[PDB]
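# Fold and contact review
So you can see what is in the structure, the chains are spelled out below.
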Amino acid sequence: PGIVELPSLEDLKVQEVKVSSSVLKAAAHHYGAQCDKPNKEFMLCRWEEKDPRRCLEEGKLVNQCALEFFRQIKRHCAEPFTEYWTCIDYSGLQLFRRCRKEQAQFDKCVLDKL
Amino acid sequence: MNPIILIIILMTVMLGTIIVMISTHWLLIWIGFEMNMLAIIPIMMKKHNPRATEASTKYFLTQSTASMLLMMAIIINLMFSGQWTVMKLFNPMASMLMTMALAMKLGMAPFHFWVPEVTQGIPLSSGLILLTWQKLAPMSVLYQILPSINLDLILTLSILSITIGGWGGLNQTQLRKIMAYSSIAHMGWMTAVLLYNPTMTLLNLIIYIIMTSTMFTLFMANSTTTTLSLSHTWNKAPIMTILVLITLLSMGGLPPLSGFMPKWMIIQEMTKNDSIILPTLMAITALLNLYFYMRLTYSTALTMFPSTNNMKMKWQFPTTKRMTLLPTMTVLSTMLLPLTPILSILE
Amino acid sequence: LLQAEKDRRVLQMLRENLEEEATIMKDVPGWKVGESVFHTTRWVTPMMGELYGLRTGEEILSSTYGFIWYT
Amino acid sequence: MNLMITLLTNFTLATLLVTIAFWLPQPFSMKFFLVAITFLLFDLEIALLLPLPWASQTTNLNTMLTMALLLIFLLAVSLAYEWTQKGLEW
Amino acid sequence: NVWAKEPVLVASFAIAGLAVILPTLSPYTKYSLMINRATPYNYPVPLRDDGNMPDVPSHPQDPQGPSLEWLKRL
Amino acid sequence: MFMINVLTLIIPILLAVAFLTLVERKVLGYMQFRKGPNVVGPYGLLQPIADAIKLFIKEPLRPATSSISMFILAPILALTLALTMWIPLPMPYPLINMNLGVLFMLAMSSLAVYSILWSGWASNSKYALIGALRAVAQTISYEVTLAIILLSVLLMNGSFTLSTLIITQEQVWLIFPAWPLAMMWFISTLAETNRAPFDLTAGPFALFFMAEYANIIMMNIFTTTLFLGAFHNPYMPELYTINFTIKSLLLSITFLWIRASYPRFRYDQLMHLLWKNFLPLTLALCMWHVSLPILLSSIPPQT
Amino acid sequence: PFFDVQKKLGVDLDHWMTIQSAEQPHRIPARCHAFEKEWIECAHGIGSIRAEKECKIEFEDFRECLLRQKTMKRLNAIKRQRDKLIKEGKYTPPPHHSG
Amino acid sequence: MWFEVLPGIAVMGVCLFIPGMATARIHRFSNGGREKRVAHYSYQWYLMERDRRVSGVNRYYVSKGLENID
Amino acid sequence: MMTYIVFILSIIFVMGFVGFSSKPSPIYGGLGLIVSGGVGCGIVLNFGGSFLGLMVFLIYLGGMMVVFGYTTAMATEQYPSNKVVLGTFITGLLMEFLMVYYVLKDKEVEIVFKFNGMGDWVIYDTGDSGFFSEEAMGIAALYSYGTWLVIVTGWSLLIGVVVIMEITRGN
Amino acid sequence: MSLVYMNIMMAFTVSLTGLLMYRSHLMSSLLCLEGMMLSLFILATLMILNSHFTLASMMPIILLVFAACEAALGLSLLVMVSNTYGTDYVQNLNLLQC
């Protein structure tokens, strides 16, 4: 009967955050702090309409917010953020109690400097 | 046997049947049927003769395969549109398997091969309780799931069960086989009008249960297996004879007597449809299954067979059996003729 | 964030797979190109043959049956 | 199929051990039955018990405690019944 | 008394009775239910913003919403 | 590399079982006043090599069978259980991380019951059938107890992953919050391995022998993971593997050491003792280990 | 007969094992949640006969959500057509991973 | 004395010491110093699938941190 | 070793049901039901299957066939194959071969249905955030919502105990 | 239609015919009843898994435990029949004629 109304390939081109998983998992909480304020727009769109192919502008918005956040954490302290997530990477499933002292180090970096 | 254990087993029979009555989930109905089986197995083999053992074996095999085919029908129902609500089904195949499962559960013509064999080698109390609750338990389920059944199923099983309980029945003097073939014929009657007005089916269920309770109570008042023992009961006591007369004639269904009232209302709300040849066939077979009742009455209370002494000895002892409740059930079962508009007491 | 990447990826497979279907079925009569079989105007969750259809074995076996017997 | 690979390797190596071990050198009681059925029924009650450590994280804890104690209590009543009523005697 | 008669049964009844009673006198059962309730499985779903309600805080740093503090402090 | 992992698990089992035979003979010899086997080379490792290859050499039992296929089908099942039962056991990194492993343990114990019953039926005339029937009874009567006790000791930890067990053993040993439950569990392991002080008084005798001793080492490794042990700092698994091996070896020596000095029980005493003393006590410990985590505000983080 | 002590005592002890979309212990849906909600709202204040003859469209939508029969029929027809045209040889296929 | 039984138990314990240690060495070798990612839930497997998808090598151990942000 | 492994294990499953529905001696029947239960465990674990298929394995292949083989050992003898048994096995293999041949080289096979004939990688989850293996939390109900169900189940097992002892000479 | 359901329904008919026609021993009949039980278990479990019918996922294990205790009752009945007779054939039961 009725045909679907798919979006085009012009909206299906956002600069995708092609980052890996352990760095994204370790960089979650402060990403919840600074960013993730305008993506509850996306969450409320997803739970008031059960229809992606519609809320994709806010998906592009959370994509650019996460990329902007990782740009901002890339430019400043820390570069031992790399040491922190590679300390937490090879520990099986990533328990956050594993590398706790360097978690304190990254917190002290980002707190005293940003 | 302990009396505490028997009270427990009666509690579990009542629990299983009430779970079948009250639940809305399919698993709970299956649990109720299974628990009814598990509890009703040690009511049989109440003695330790091998007759009751083989009877319980046959009963367990047929009852368990009926239970599992019922579960097959339910899992087909959820292979199609799937929810656990006792309602209209969603497959003619699932309804076919389910009504054949319940036809195995309660006494039907392709499936009646276990009923006289299970009733012959057991005492009277086990036969009474199995007839009452094992013909009460599926009727609630059929009353529920009537609006999605191919009618040829129910009507074929009803016609053939009435004529098998008729024709098989002219040959046995084993009174348990007589009552079992009567059960087959009446269950055909009580299943026949399921898709037209089930008030008649449940009223016929009430009347049949009260009648069979009267009949088996009269047999428990003086332990008999054959008709010659009933002629000895004629010699020893006269009031049992007129009770056998009235209760056999009310199993026969004559219009002065209360056993006619379930036939007549069936014929009424069957012939308000375009079914006329099917009522006259069913009522001709209802004339047929009166003949073994009538030769039984001729053997008991009207002609008289020669008697044996030591009935002279049994004269010196007045009767000392306890009846559970015989006279109340008797006059409730036989003088109920002018109370036909207690039809609408039911729905 | 994972949710947004997941939604963009499943809509990416939807768009590319219906493009593949529109390329591939222009011989059969009938055949509207992108009909849901369903009637309501709602985004149903696809069935892992609408997503991972005609991918020839390797990715569908590593995607569906991955966690089921991965350790 | 990874544990099926392990099962296949163990099965094939066991058959190699057996067949290379073989090509090279050339009435009853009721008391027997009661213990098995007692095993069967208490094992089914174990099957009812054993999802208890799955369940202990819910918002209905007192009810879970009550019905878990009811299950072990029923199992204990069955045990004590066949204990007192000469079910396992000699 | 029966402590000499069937002793393991009496010990079983004793630990059974204390297992029955002991959740009544218990200063930790409300702690158990708060721990068990305060762990989310699904997504904490947002809502359409406000009818200018002094609840449902906008930043996840804002402590106006109901949070947990007895977790970190044992 | 995965088949290399499987072969590095199931190649040292023959080494472990044969050296366990020499160790049990030497340890019984020194519980007794005997030295040896030490004439066969230095202290006799070539002595298990030699008697293993001797029993391979020695001519088999002539059939005398009923369903040759069934007769071979029972010990092949016993030895493939003994091989397939070291897969989820964590010394620090197990071969397969599972959602649940302990129910797999109990299920494969029941498959060992199948092995005993099939060998008993396919063996011989009626007297060995009665003996193996009593053996199946006294084996099956304890899988109630061991599964009950294992359930009550994991209930302190809530999850079945068993790496959560090696996490939750970090602070104290689990022998301290459950000593009597662990003690009864150890008695149940003596029951499942079917040794003295419990009676059992075939072909191939070496394969049934192999299944026996791999079952023993299996239960010892599962004990050492289950009730004691120590921590595991990552990027150094040799430390936990050393401490695990030392504790499992001490416990297996204690196991044979308990075997060394006790007479076998009467059979009706065995059933009587199990039912009327372990079964109410297991129920008591289960109901107290149910009602206690709801008391002490400690229900486990079952993720 | 069917009785109603279930409704009479006010203890709804058996209505939660019954359908989907009753509240799961963690608030998750099933696979066909919304189809059920619209179907139940279609056939609620209804005498189960105009449920048979009026809510047919949404019931067929729910059934084809639940089993996905004809959608698999369409996908299977696409697979068989793809097989016969790759057997033919026209456009050695760029529907996999690349052009 | 029991000095003459400790070689037997010692060699058999070494035969029990070997397979888990060699297995853990093969675990650490087959992912480049990483541990093999355990998988019990659909959440962990989908996270692992997007991790091996974004890596470019179709391999989940490279772990691609912070050097593909901008 | 490929995609249709669920279908192939189903073939071995129905072969096992034929293999003891041909009526052998009941210890061969117990062997056939053990093999059938193992491959049914394989099928349901292929659907995953994380708890329930390992759960059946302790009950049927852990507690039921043990007592079936026990009762085969203690009650019946069957002391010595036959035409009828192996002939029914041949006809069952023929019926399975015919049905699966018509599944393979045609569209669909209909008893009275429309079985859409191809191997089932469809349908399946589209990689959702499960996080608790939904079987696990489902069966981790029955103690909050499950008031009536576990009560009548345990009560039925208790009545089963008293029934067994009565028939086997209560008290 | 999730094609495997056809094979499991055909397997149900296999187990049902094996339950109905049975020559000599009652144990084969009871074991094919158990096979039918396993068939219903597997079929309903695959349905509930693919449905994500996650609230009432109790059906497989509870159907299993109930029909398992049914099989226990059948074992006790077969032991009683084999105890009061020599064997457990379908024959030597022709007494109590219908």
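Here is what the cut-offs are and how they apply
- Numbers given to residues start from 1 along each chain, in the order its sequence is written, and need not follow the entry; residues that have no coordinates are not shown.
- To read the labels, note that chains go from A and ligands from 1, taken in the order they are written.
- These chains belong to a larger assembly; all numbers given describe just the chains displayed.
- Hydrogens and water molecules were not included; the side-chain quantities draw on all heavy atoms of the structure.
- Residues with missing side-chain atoms are left out of burial classes, side-chain pairs and their counts.
- Only DSSP runs of H or I reaching four residues or more are called helices, and only runs of E reaching two or more are called strands; each is numbered from the N terminus.
- The quantity called the radius of gyration is restricted to C-alpha atoms. Its globule counterpart is 2.2 Å times the number of residues to the power 0.38.
- The contact rule is simple, with two residues in contact once any of their heavy atoms fall within 4.5 Å.
- When residues are grouped by polarity, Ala, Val, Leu, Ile, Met, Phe, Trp, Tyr, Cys and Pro land in nonpolar, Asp, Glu, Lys and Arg in charged, and all others, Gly among them, in polar.
- UniProt positions are given in the numbering used here, feature names are shortened, and annotations may be inferred rather than shown by experiment.
- To estimate how far a helix should reach, multiply one less than its number of residues by 1.5 Å.
- Note on bend: the value at a residue is the angle between axes fitted to the seven residues ending there and to the seven starting there.
- Between N-to-C directions, angles cover 0 to 180 degrees, with each direction set by a line fitted to C-alpha atoms, over the stretch in contact for helices.
- In what follows, roughly perpendicular refers to angles from 65 to 115 degrees, roughly parallel to angles under 35, roughly antiparallel to angles over 145, and oblique to any angle outside these ranges.
- Handedness of a helix crossing follows the sense of rotation of the near helix relative to the far helix, less than a right angle counterclockwise being left-handed and clockwise being right-handed.

- Its PDB record attributes the structure to cryo-EM, giving the resolution as 6.5 Å.

## Things to note about the overall build of chain E
- Looking only at helices and strands, chain E has two helices and zero strands in total.
- In terms of overall size, chain E is more extended than a compact globule, its C-alpha atoms giving a radius of gyration of 23 Å where 74 residues would be expected to give roughly 11 Å.
- Expressed as lengths along the three principal axes of its C-alpha atoms, the size of chain E is roughly 70 × 25 × 20 Å.

## Looking at the overall build of chain J
- The helix and strand inventory of chain J stands at three helices and zero strands.
- Listing each helix as α and each strand as β along chain J from the N terminus yields α-α-α.
- For chain J, whose C-alpha radius of gyration is 17 Å, the value lies well above the compact-globule estimate of 13 Å for 98 residues.
- Referenced to the eigenvectors of the C-alpha coordinate spread, the extents of chain J come out at roughly 50 × 25 × 20 Å.

## Brief notes about the interface of chain H and chain A
- Counting residues at the interface gives 12 residues for chain H, matched by nine residues for chain A.
- When the residues that make up the side of chain H that touches chain A are grouped by side-chain class, the tally is four nonpolar, four polar and four charged.

## Looking at the UniProt feature "transmembrane region" in chain J
All names here are of chain J.
- Within the UniProt annotation, "transmembrane region" is assigned to residues 1–21, 29–49 and 61–81.
- Structurally, residues 1–21 is divided into 81% helix and 0% strand, and its ends, taken at the C-alpha atoms, are 31 Å apart.
- Strand forms 0% of residues 29–49 and helix 100%; the C-alpha atoms that close the span are 30 Å apart.

## Comments concerning helix α1 (residues 6–29) of chain H
- Over its 24 residues, α1 of chain H runs 34 Å from end to end, which matches the ideal 34 Å to within 8%, given 1.5 Å per residue.
- At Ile-18 of chain H, α1 of chain H shows its largest kink, close to 25 degrees, and the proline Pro-19 of chain H lies no more than four residues downstream.

## Observations regarding unusual backbone geometry
- A cis amide bond, omega -10 degrees, links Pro-63 of chain F with the succeeding residue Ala-64 of chain F.
- Examined against the element boundaries, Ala-64 of chain F turns out to sit in the loop between α3 (46–57) and α4 (68–83).
- Here the residue pair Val-122 of chain I and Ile-123 of chain I is connected by a cis peptide bond, since its omega of 0 degrees sits within 30 degrees of zero.
- The phi dihedral of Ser-67 of chain F falls on the positive side, at around 60 degrees, and the residue is not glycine.
- Structurally, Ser-67 of chain F is set in the loop between α3 and α4.
- In this structure, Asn-194 of chain F takes a positive phi of about 60 degrees despite not being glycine.
- Position of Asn-194 of chain F relative to the elements: it lies in the loop between α9 (179–192) and α10 (205–227).

## Considering the packing of helix α7 (residues 151–167) of chain B against helix α8 (residues 175–192) of chain B
Residue and element names in this part refer to chain B.
- Running from N to C, α7 and α8 point in directions that differ by 155 degrees, and their axes come no closer than 7 Å. In terms of their interaxial angle, α7 and α8 are classed as roughly antiparallel. Here α7 and α8 pass one another in a crossing that is left-handed. Contacts between α7 and α8 involve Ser-158, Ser-161, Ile-162 and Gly-165 from the former and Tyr-181, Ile-184, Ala-185, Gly-188, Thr-191 and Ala-192 from the latter.
- For the contact of α7 with α8, a count of residues per class yields five nonpolar, five polar and no charged.

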